[PDB]
Each structure stands twice: as structure tokens, then as C-alpha cells.
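Below: the structure, in C-alpha cells.
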Amino acid sequence: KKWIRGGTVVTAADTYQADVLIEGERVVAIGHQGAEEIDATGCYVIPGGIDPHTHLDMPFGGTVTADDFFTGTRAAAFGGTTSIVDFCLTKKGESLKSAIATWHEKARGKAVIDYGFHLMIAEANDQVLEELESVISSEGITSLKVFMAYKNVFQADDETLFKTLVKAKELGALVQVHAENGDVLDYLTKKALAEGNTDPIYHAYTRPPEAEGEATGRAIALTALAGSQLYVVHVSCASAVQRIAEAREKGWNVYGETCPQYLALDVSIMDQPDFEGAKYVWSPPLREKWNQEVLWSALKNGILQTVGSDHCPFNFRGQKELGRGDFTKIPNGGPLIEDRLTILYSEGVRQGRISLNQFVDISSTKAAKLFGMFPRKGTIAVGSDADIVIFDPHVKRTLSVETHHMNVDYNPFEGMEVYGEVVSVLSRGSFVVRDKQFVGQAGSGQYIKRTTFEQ
Ligand SMILES: [Mn+2]
Ligand SMILES: [Mn+2]
């Protein structure tokens with residue numbers, strides 16, 4: 001039993017001062033007036049963050065992401081994130097269960113926090129459609145990802161997208177899409193290389209906002225025609241939110257997600273002398289700064305509901321470096337898993353962009369609800385897992401590769417002044433991080449079976 005006292009509990013809806021009693025792996029009592037004491041005076045007691053978008057230990061050519069399920073979850077913990085949902089990638093001629101078994105082996109005995117899996121659908125043939133019933137019912141995976149981009153690699157066509165959408169409505173699954181028109185980007189990419197435009201900045205220029213807008217709109221119309229439910233991952237521009245906002249007005253089950261990088265960074269940082277811009281190469285690419293306001297406005301008024309990181313790190317030296325000759329050879333992705341919460345609090349709450357309660361809803365609660373992990377995770381209430389973060393809102397610090405915990409040689413926020421510091425982190429009643437010190441253990445984290453889609 002653990003007794004957190006003196007702190008101010010903050011959830012998606014409430015804000016009060018009281019003690020929370022933990023017994024075993026869960027919260028068993030909350031209130032005022034024989035247990036492990038933990039002082040949380042002057043700090044916020046919030047639900048551990050939930051990052052529904054990660055790519056830990058992901059392969060890419062002959063190299064792999066700098067972080068694996070161990071260093072990745074440890075960094076996630078230090079950042080105040082207690083649960084993650086990683087993307088299990090599949091390959092045509094795909095046996096969904098073999099890919100799934102592959103992912104469990106990646107996490108098994110390494111994760112320090114709880115994790116769930118999303119399942120990529122490369123193609124929707126009779127076989128895949130049949131297997132799908134077992135994955136949703138037995139494997140606890142109720143979210144499927146379809147790529148509308150990355151031609152000749154992962155891209156799926158409208159037939160695959162639509163079939164998946166009706167199947168998901170039938171089985172109670174949530175469909176996620178990476179929305180960028182794969183074909184227009186493929187054409188623009190080759191063209192840029194033919195004209196000798198090989199600098200990292202052309203990565204951004206070869207995939208215009210409208211390409212994300214078009215794809216976002218298409219996926220939504222297909223969702224409507226199928227009467228299903230859709231979740232658009234990493235929305236980066238005004239063009240895409242506009243389409244999402246429109247569908248929401250019509251009462252369609254369409255949800256959206258953003259990431260720290262699109263909220264606090266912009267394309268102008270890609271235009272740098274040497275090969276510096278390669279540090280910010282990820283898809284979708286950073287956009288013009290005006291788009292940040294639109295995203296923040298959408299999060300404030302409920303147009304977008306979640307915030308993930310899309311953590312997919314590669315060192316600048318030794319990995320990002322493969323693309324020196326041309327941007328298409330630069331492995332995509334950034335080290336974003338650790339600073340998601342803090343920038344959300346510092347740039348969002350402290351600057352009056354969103355309320356403290358929304359802060360919790362956007363970084364934990366809503367993701368738990370959309371991906372079937374609630375009320376086990378995503379809140380502080382009797383019966384829920386004791387996944388708690390003791391956050392110090394009065395701390396001022398600078399984000400730096402010098403002090404971060406991700407196993408990568410750089411931080412995309414290098415030098416950014418922020419408010420807020422994660423002090424202690426509990427995962428199912430056990431300390432993973434205590435007083436800024438790591439006390440967890442590899443393999444402590446567990447797989448979470450997710451329930452079917454619920455509005
Ligand atoms: Mn993506
Ligand atoms: Mn991703």
C-alpha cells in the first residue's frame with residue numbers, strides 16, 4: 001500500500017486536493033482522513049500519460065531505431081508517460097499472427113511500462129479479413145493502421161481502405177490512417193531528385209499540405225460511406241483539420257491526433273547550412289508556423305482530441321547521415337517520446353492555450369477511451385491502475401540532449417525553455433522513476449488487451 005498525500009489531483013474533469021491510497025496495482029481510496037508514504041505537496045498528481053503513437057525498435061533498411069522497447073519505455077517514463085501503443089507492421093503475404101508474435105518478442109522482457117499494439121493492414125484479402133476476427137477477439141488489438149502514403153512499400157489503395165472500414169465497423173475496430181496522397185508525393189519526390197534538389201529541406205517541399213488534406217478528406221468520405229469510425233494520426237496542417245472539423249459537424253465518428261513537433265516546430269528550422277535539417281525529417285513534414293495556431297485552436301475546442309509523439313528515433317550521426325546524398329535516403333522520424341507531456345503543459349496550459357483539465361484529457365484520458373484501455377488507464381479513480389505521475393509545475397528547465405533519456409544523439413527541442421518536471425512515476429503501483437532516478441526494471445511492463453470501439 002502507498003499513500004500519496006498533500007498533492008492536488010488533476011484529471012480530465014476534476015481538480016481537487018486530497019490523498020490517494022494505493023493497494024497492490026490499483027487506486028483503492030481517495031479522500032482525506034500502515035502504508036508507504038510519498039509526499040506530493042505542491043505538485044500535481046495526474047494520470048500517467050498515454051502515448052498512442054510509437055515505433056520502438058522498428059527496422060528500416062539495414063539499420064534500426066535508436067530506441068528499443070527498453071530505452072524507449074524508460075525514456076517514456078521519465079517523460080511522464082506510463083502506457084504506449086506501438087505499431088505492429090505487417091507484410092503482404094501477411095500472416096497477422098506471425099507479425100504480432102514478432103512484436104511481442106520485441107517487447108517481452110524489455111518494456112518498463114505497459115504497452116499495447118496497433119495492427120498495420122497491408123492488404124485486405126479474404127485471408128487477412130478472416131484472420132482479423134481472431135486478432136480483435138483474442139489478441140486484444142482493436143485498432144488497425146492503413147498507410148495512404150509510402151508507395152510500393154506500405155501504401156494501401158482505396159479498396160483495402162474501404163474494405164477495412166466496413167470490417168472494422170462489423171468487428172468493433174478503430175481504423176487509423178497515415179493520410180498523405182502516396183502517388184502525388186512519389187511523383188514530386190522523383191522530380192525533385194531529377195532536378196538535383198537533394199537537400200533535407202526538399203523532404204518538406206515534396207509533400208505539400210494539400211496532399212495531406214486530400215488524403216484526410218478521402219479517408220473520411222470512405223468512413224462515412226462505410227458508416228465506420230476513423231482516427232487520423234499526426235494531423236499537421238490546417239487543410240487536414242478543416243476536413244476533420246467538417247466531418248465532425250455532421251456527427252460522423254472521426255477523431256484526430258497531433259504531435260508535439262507540429263505544435264512547437266516549423267519548416268523554417270529545416271533550412272540550415274550543413275545537414276542540420278535532416279534532424280527534423282519525418283512524415284508528415286514540419287509546416288509553416290501559422291498552422292500551429294490552427295492545431296492549438298482545434299485541441300482547445302475539441303476538434304482534435306489526442307496528442308501522440310510518433311517516436312521513431314535515428315541518430316543524426318550514423319543513421320540520419322545515410323541521406324547525405326539525397327533526402328529520400330534519410331530515415332524518417334524523430335526522438336519525441338520523452339518531452340510530449342512537458343511541452344503540452346508548458347506551451348499549452350502555462351500559455352493559456354488549454355486548461356489544466358484538457359491537458360490531462362489530451363495526453364492521457366481520451367486516448368485511453370478511443371483505444372479501449374479505459375477505465376484501467378487514463379485517469380485517477382478507485383478501481384483504475386495506479387499509473388500516476390507526480391508532476392512539479394514550478395520547475396523551469398531547458399530541453400537538451402545533455403539531460404534527456406532517449407538513446408539518441410540529439411533532441412529536436414534542443415535549448416527550449418520549458419516549465420514542469422516529472423518527479424515520480426508509478427506503473428501499476430510500482431515506482432519506475434522516483435525523484436528523477438530510474439528504479440524500474442526491464443520486463444516489468446505488461447501487454448494490455450484492448451476492448452472494442454466505444455464512442
Ligand atoms: Mn505516419
Ligand atoms: Mn507513425
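Identifiers in this document derive from the order of the C-alpha cells: chains are assigned A, B, ..., residues are numbered from 1 separately in each chain, and ligands are numbered from 1 in order of occurrence.
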Write out as a PDB file with N, CA, C and O atoms, in the first residue's frame each polymer residue whose atoms come within 8 Å of stretch 357-369 of chain A, counting only C-alpha atoms; drop sequence neighbours fewer than 2 positions from it.
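Once everything was written out, this is around34.pdb:
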```pdb
ATOM      1  N   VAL A  10      -5.377  16.045 -10.440  1.00  0.00           N
ATOM      2  CA  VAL A  10      -5.944  16.678 -11.620  1.00  0.00           C
ATOM      3  C   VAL A  10      -6.264  15.610 -12.649  1.00  0.00           C
ATOM      4  O   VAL A  10      -5.389  14.830 -13.029  1.00  0.00           O
ATOM      5  N   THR A  11      -7.515  15.574 -13.098  1.00  0.00           N
ATOM      6  CA  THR A  11      -7.929  14.610 -14.113  1.00  0.00           C
ATOM      7  C   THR A  11      -8.563  15.355 -15.286  1.00  0.00           C
ATOM      8  O   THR A  11      -8.598  16.591 -15.303  1.00  0.00           O
ATOM      9  N   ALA A  12      -9.081  14.603 -16.255  1.00  0.00           N
ATOM     10  CA  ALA A  12      -9.705  15.204 -17.428  1.00  0.00           C
ATOM     11  C   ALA A  12     -10.873  16.100 -17.025  1.00  0.00           C
ATOM     12  O   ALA A  12     -11.199  17.053 -17.725  1.00  0.00           O
ATOM     13  N   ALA A  13     -11.490  15.813 -15.887  1.00  0.00           N
ATOM     14  CA  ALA A  13     -12.624  16.610 -15.444  1.00  0.00           C
ATOM     15  C   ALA A  13     -12.446  17.339 -14.113  1.00  0.00           C
ATOM     16  O   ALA A  13     -12.899  18.473 -13.956  1.00  0.00           O
ATOM     17  N   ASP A  14     -11.773  16.701 -13.163  1.00  0.00           N
ATOM     18  CA  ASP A  14     -11.620  17.288 -11.836  1.00  0.00           C
ATOM     19  C   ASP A  14     -10.282  17.920 -11.470  1.00  0.00           C
ATOM     20  O   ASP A  14      -9.265  17.714 -12.131  1.00  0.00           O
ATOM     21  N   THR A  15     -10.320  18.695 -10.391  1.00  0.00           N
ATOM     22  CA  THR A  15      -9.153  19.363  -9.827  1.00  0.00           C
ATOM     23  C   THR A  15      -9.469  19.589  -8.357  1.00  0.00           C
ATOM     24  O   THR A  15     -10.229  20.487  -8.008  1.00  0.00           O
ATOM     25  N   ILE A  46      -1.236  13.525 -11.454  1.00  0.00           N
ATOM     26  CA  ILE A  46      -2.013  13.306 -12.661  1.00  0.00           C
ATOM     27  C   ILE A  46      -1.940  11.883 -13.183  1.00  0.00           C
ATOM     28  O   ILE A  46      -1.068  11.107 -12.793  1.00  0.00           O
ATOM     29  N   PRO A  47      -2.875  11.521 -14.075  1.00  0.00           N
ATOM     30  CA  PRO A  47      -2.877  10.169 -14.639  1.00  0.00           C
ATOM     31  C   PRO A  47      -1.636  10.050 -15.509  1.00  0.00           C
ATOM     32  O   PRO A  47      -1.276  10.999 -16.213  1.00  0.00           O
ATOM     33  N   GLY A  48      -0.979   8.898 -15.463  1.00  0.00           N
ATOM     34  CA  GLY A  48       0.200   8.718 -16.288  1.00  0.00           C
ATOM     35  C   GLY A  48      -0.174   8.972 -17.736  1.00  0.00           C
ATOM     36  O   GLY A  48      -1.252   8.575 -18.186  1.00  0.00           O
ATOM     37  N   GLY A  49       0.708   9.633 -18.474  1.00  0.00           N
ATOM     38  CA  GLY A  49       0.415   9.918 -19.867  1.00  0.00           C
ATOM     39  C   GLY A  49       0.311   8.664 -20.714  1.00  0.00           C
ATOM     40  O   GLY A  49       0.944   7.655 -20.405  1.00  0.00           O
ATOM     41  N   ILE A  50      -0.506   8.724 -21.765  1.00  0.00           N
ATOM     42  CA  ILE A  50      -0.675   7.602 -22.683  1.00  0.00           C
ATOM     43  C   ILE A  50      -0.279   8.061 -24.080  1.00  0.00           C
ATOM     44  O   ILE A  50      -0.874   8.983 -24.637  1.00  0.00           O
ATOM     45  N   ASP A  51       0.750   7.428 -24.631  1.00  0.00           N
ATOM     46  CA  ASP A  51       1.231   7.774 -25.960  1.00  0.00           C
ATOM     47  C   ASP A  51       0.756   6.689 -26.920  1.00  0.00           C
ATOM     48  O   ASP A  51       1.336   5.606 -26.987  1.00  0.00           O
ATOM     49  N   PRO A  52      -0.308   6.976 -27.686  1.00  0.00           N
ATOM     50  CA  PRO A  52      -0.874   6.021 -28.641  1.00  0.00           C
ATOM     51  C   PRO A  52      -0.141   5.920 -29.967  1.00  0.00           C
ATOM     52  O   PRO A  52      -0.626   5.262 -30.887  1.00  0.00           O
ATOM     53  N   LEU A 299      -7.408  21.765 -30.706  1.00  0.00           N
ATOM     54  CA  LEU A 299      -7.287  20.978 -29.483  1.00  0.00           C
ATOM     55  C   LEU A 299      -8.088  21.639 -28.373  1.00  0.00           C
ATOM     56  O   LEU A 299      -8.695  20.969 -27.542  1.00  0.00           O
ATOM     57  N   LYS A 300      -8.090  22.966 -28.366  1.00  0.00           N
ATOM     58  CA  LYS A 300      -8.818  23.714 -27.356  1.00  0.00           C
ATOM     59  C   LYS A 300     -10.328  23.503 -27.446  1.00  0.00           C
ATOM     60  O   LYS A 300     -10.994  23.310 -26.435  1.00  0.00           O
ATOM     61  N   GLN A 305      -8.648  15.448 -30.620  1.00  0.00           N
ATOM     62  CA  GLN A 305      -8.733  15.002 -29.235  1.00  0.00           C
ATOM     63  C   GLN A 305      -7.510  14.379 -28.568  1.00  0.00           C
ATOM     64  O   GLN A 305      -7.460  14.313 -27.346  1.00  0.00           O
ATOM     65  N   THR A 306      -6.518  13.938 -29.329  1.00  0.00           N
ATOM     66  CA  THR A 306      -5.342  13.338 -28.698  1.00  0.00           C
ATOM     67  C   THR A 306      -4.004  13.923 -29.140  1.00  0.00           C
ATOM     68  O   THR A 306      -3.917  14.658 -30.113  1.00  0.00           O
ATOM     69  N   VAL A 307      -2.961  13.587 -28.393  1.00  0.00           N
ATOM     70  CA  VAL A 307      -1.610  14.017 -28.710  1.00  0.00           C
ATOM     71  C   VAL A 307      -0.656  12.837 -28.507  1.00  0.00           C
ATOM     72  O   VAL A 307      -0.501  12.333 -27.396  1.00  0.00           O
ATOM     73  N   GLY A 308      -0.049  12.387 -29.601  1.00  0.00           N
ATOM     74  CA  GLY A 308       0.901  11.291 -29.539  1.00  0.00           C
ATOM     75  C   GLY A 308       2.246  11.853 -29.942  1.00  0.00           C
ATOM     76  O   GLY A 308       2.330  13.029 -30.286  1.00  0.00           O
ATOM     77  N   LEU A 341       4.578  15.343 -22.761  1.00  0.00           N
ATOM     78  CA  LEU A 341       3.818  15.957 -21.680  1.00  0.00           C
ATOM     79  C   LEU A 341       4.267  17.359 -21.304  1.00  0.00           C
ATOM     80  O   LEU A 341       3.452  18.284 -21.253  1.00  0.00           O
ATOM     81  N   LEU A 344       3.433  20.066 -23.618  1.00  0.00           N
ATOM     82  CA  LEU A 344       1.988  20.200 -23.654  1.00  0.00           C
ATOM     83  C   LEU A 344       1.560  21.058 -22.470  1.00  0.00           C
ATOM     84  O   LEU A 344       0.635  21.867 -22.572  1.00  0.00           O
ATOM     85  N   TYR A 345       2.241  20.890 -21.341  1.00  0.00           N
ATOM     86  CA  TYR A 345       1.915  21.681 -20.162  1.00  0.00           C
ATOM     87  C   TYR A 345       2.470  23.102 -20.291  1.00  0.00           C
ATOM     88  O   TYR A 345       1.767  24.087 -20.058  1.00  0.00           O
ATOM     89  N   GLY A 348       1.061  24.657 -23.727  1.00  0.00           N
ATOM     90  CA  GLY A 348      -0.389  24.657 -23.739  1.00  0.00           C
ATOM     91  C   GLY A 348      -1.013  25.336 -22.542  1.00  0.00           C
ATOM     92  O   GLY A 348      -1.555  26.439 -22.661  1.00  0.00           O
ATOM     93  N   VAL A 349      -0.929  24.684 -21.385  1.00  0.00           N
ATOM     94  CA  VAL A 349      -1.515  25.209 -20.154  1.00  0.00           C
ATOM     95  C   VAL A 349      -0.931  26.538 -19.684  1.00  0.00           C
ATOM     96  O   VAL A 349      -1.659  27.518 -19.520  1.00  0.00           O
ATOM     97  N   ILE A 354      -4.804  26.002 -23.403  1.00  0.00           N
ATOM     98  CA  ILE A 354      -5.735  24.973 -22.959  1.00  0.00           C
ATOM     99  C   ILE A 354      -5.734  24.932 -21.440  1.00  0.00           C
ATOM    100  O   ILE A 354      -4.781  25.372 -20.799  1.00  0.00           O
ATOM    101  N   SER A 355      -6.806  24.402 -20.867  1.00  0.00           N
ATOM    102  CA  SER A 355      -6.923  24.315 -19.418  1.00  0.00           C
ATOM    103  C   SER A 355      -6.140  23.122 -18.892  1.00  0.00           C
ATOM    104  O   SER A 355      -5.796  22.211 -19.644  1.00  0.00           O
ATOM    105  N   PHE A 371      -8.920   4.005 -27.642  1.00  0.00           N
ATOM    106  CA  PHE A 371      -8.235   2.754 -27.898  1.00  0.00           C
ATOM    107  C   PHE A 371      -8.571   1.610 -26.938  1.00  0.00           C
ATOM    108  O   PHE A 371      -7.832   0.642 -26.861  1.00  0.00           O
ATOM    109  N   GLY A 372      -9.682   1.732 -26.213  1.00  0.00           N
ATOM    110  CA  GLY A 372     -10.130   0.676 -25.314  1.00  0.00           C
ATOM    111  C   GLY A 372      -9.242   0.253 -24.154  1.00  0.00           C
ATOM    112  O   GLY A 372      -8.976  -0.933 -23.966  1.00  0.00           O
ATOM    113  N   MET A 373      -8.811   1.223 -23.355  1.00  0.00           N
ATOM    114  CA  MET A 373      -7.941   0.970 -22.211  1.00  0.00           C
ATOM    115  C   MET A 373      -8.549   1.580 -20.949  1.00  0.00           C
ATOM    116  O   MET A 373      -7.970   1.503 -19.871  1.00  0.00           O
ATOM    117  N   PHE A 374      -9.721   2.191 -21.101  1.00  0.00           N
ATOM    118  CA  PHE A 374     -10.415   2.854 -20.004  1.00  0.00           C
ATOM    119  C   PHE A 374     -11.496   1.962 -19.384  1.00  0.00           C
ATOM    120  O   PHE A 374     -12.169   1.221 -20.094  1.00  0.00           O
ATOM    121  N   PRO A 375     -11.695   2.042 -18.051  1.00  0.00           N
ATOM    122  CA  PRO A 375     -11.002   2.896 -17.075  1.00  0.00           C
ATOM    123  C   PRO A 375      -9.716   2.347 -16.462  1.00  0.00           C
ATOM    124  O   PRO A 375      -9.199   2.920 -15.501  1.00  0.00           O
ATOM    125  N   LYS A 377      -6.749   2.473 -17.531  1.00  0.00           N
ATOM    126  CA  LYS A 377      -5.735   3.520 -17.643  1.00  0.00           C
ATOM    127  C   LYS A 377      -6.402   4.833 -18.016  1.00  0.00           C
ATOM    128  O   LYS A 377      -7.588   4.860 -18.338  1.00  0.00           O
ATOM    129  N   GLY A 378      -5.636   5.918 -17.977  1.00  0.00           N
ATOM    130  CA  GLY A 378      -6.161   7.205 -18.382  1.00  0.00           C
ATOM    131  C   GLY A 378      -6.840   8.078 -17.351  1.00  0.00           C
ATOM    132  O   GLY A 378      -7.413   9.109 -17.700  1.00  0.00           O
ATOM    133  N   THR A 379      -6.794   7.692 -16.088  1.00  0.00           N
ATOM    134  CA  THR A 379      -7.428   8.519 -15.072  1.00  0.00           C
ATOM    135  C   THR A 379      -7.008   8.098 -13.679  1.00  0.00           C
ATOM    136  O   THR A 379      -6.331   7.090 -13.500  1.00  0.00           O
ATOM    137  N   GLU A 454     -15.709   2.056 -28.681  1.00  0.00           N
ATOM    138  CA  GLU A 454     -16.842   2.637 -27.993  1.00  0.00           C
ATOM    139  C   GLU A 454     -16.706   4.155 -28.136  1.00  0.00           C
ATOM    140  O   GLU A 454     -15.624   4.719 -27.947  1.00  0.00           O
TER     141      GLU A 454
END
```
Distance table requested - chain A against ligand 2, cut-off 12 Å, only C-alpha atoms and all ligand atoms: one row per qualifying residue with the closest atom pair and its distance in Å to one decimal, ordered by chain and rising residue number, as CSV.
```
residue,atom,partner,partner_atom_place_in_ligand_line,distance
A:51,CA,ligand 2,1 (Mn),11.5
A:52,CA,ligand 2,1 (Mn),9.8
A:53,CA,ligand 2,1 (Mn),6.2
A:54,CA,ligand 2,1 (Mn),6.4
A:55,CA,ligand 2,1 (Mn),6.6
A:56,CA,ligand 2,1 (Mn),10.4
A:58,CA,ligand 2,1 (Mn),10.7
A:85,CA,ligand 2,1 (Mn),10.9
A:86,CA,ligand 2,1 (Mn),9.0
A:87,CA,ligand 2,1 (Mn),7.5
A:88,CA,ligand 2,1 (Mn),10.7
A:89,CA,ligand 2,1 (Mn),10.7
A:118,CA,ligand 2,1 (Mn),10.8
A:120,CA,ligand 2,1 (Mn),10.8
A:145,CA,ligand 2,1 (Mn),9.5
A:146,CA,ligand 2,1 (Mn),10.8
A:147,CA,ligand 2,1 (Mn),9.6
A:149,CA,ligand 2,1 (Mn),11.6
A:150,CA,ligand 2,1 (Mn),12.0
A:176,CA,ligand 2,1 (Mn),10.3
A:177,CA,ligand 2,1 (Mn),9.5
A:178,CA,ligand 2,1 (Mn),7.4
A:179,CA,ligand 2,1 (Mn),10.8
A:232,CA,ligand 2,1 (Mn),10.9
A:233,CA,ligand 2,1 (Mn),7.5
A:234,CA,ligand 2,1 (Mn),7.6
A:235,CA,ligand 2,1 (Mn),11.1
A:257,CA,ligand 2,1 (Mn),11.2
A:258,CA,ligand 2,1 (Mn),11.1
A:259,CA,ligand 2,1 (Mn),10.3
A:282,CA,ligand 2,1 (Mn),9.2
A:283,CA,ligand 2,1 (Mn),8.0
A:284,CA,ligand 2,1 (Mn),9.3
A:308,CA,ligand 2,1 (Mn),9.3
A:309,CA,ligand 2,1 (Mn),8.4
A:310,CA,ligand 2,1 (Mn),4.8
A:311,CA,ligand 2,1 (Mn),7.4
A:312,CA,ligand 2,1 (Mn),7.5
A:313,CA,ligand 2,1 (Mn),11.2
A:332,CA,ligand 2,1 (Mn),9.6
A:333,CA,ligand 2,1 (Mn),8.1
A:334,CA,ligand 2,1 (Mn),10.3
A:336,CA,ligand 2,1 (Mn),11.4
A:337,CA,ligand 2,1 (Mn),11.9
```
* List every residue of stretch 53-250 of chain A that DSSP, applied to the backbone of this structure, places in strand (DSSP E or B), and write the result as a PyMOL selection string. => chain A and resi 53-54+59-60+63-64+81-88+114-120+143-147+174-178+230-232
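Comparing the minimum interatomic distances between ligand 1 and each of A:325, A:208, A:182, A:445, counting only C-alpha atoms and all ligand atoms, we find that A:182 sits nearest.
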May I have the residues within 8 Å of residue A:45 as an mmCIF file with C-alpha atoms, in the first residue's frame, using only C-alpha atoms and disregarding those fewer than 4 positions away in the same chain?
```cif
data_model
loop_
_atom_site.group_PDB
_atom_site.id
_atom_site.type_symbol
_atom_site.label_atom_id
_atom_site.label_comp_id
_atom_site.auth_asym_id
_atom_site.auth_seq_id
_atom_site.Cartn_x
_atom_site.Cartn_y
_atom_site.Cartn_z
ATOM 1 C CA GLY A 7 -0.895 16.919 -3.647
ATOM 2 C CA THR A 8 -3.553 18.290 -5.957
ATOM 3 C CA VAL A 9 -5.115 15.579 -8.080
ATOM 4 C CA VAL A 10 -5.944 16.678 -11.620
ATOM 5 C CA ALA A 40 3.381 15.227 -3.235
ATOM 6 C CA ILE A 388 0.382 8.008 -11.547
ATOM 7 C CA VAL A 389 2.736 10.882 -12.298
ATOM 8 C CA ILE A 390 3.878 13.359 -9.655
ATOM 9 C CA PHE A 391 4.465 16.499 -11.728
#
```
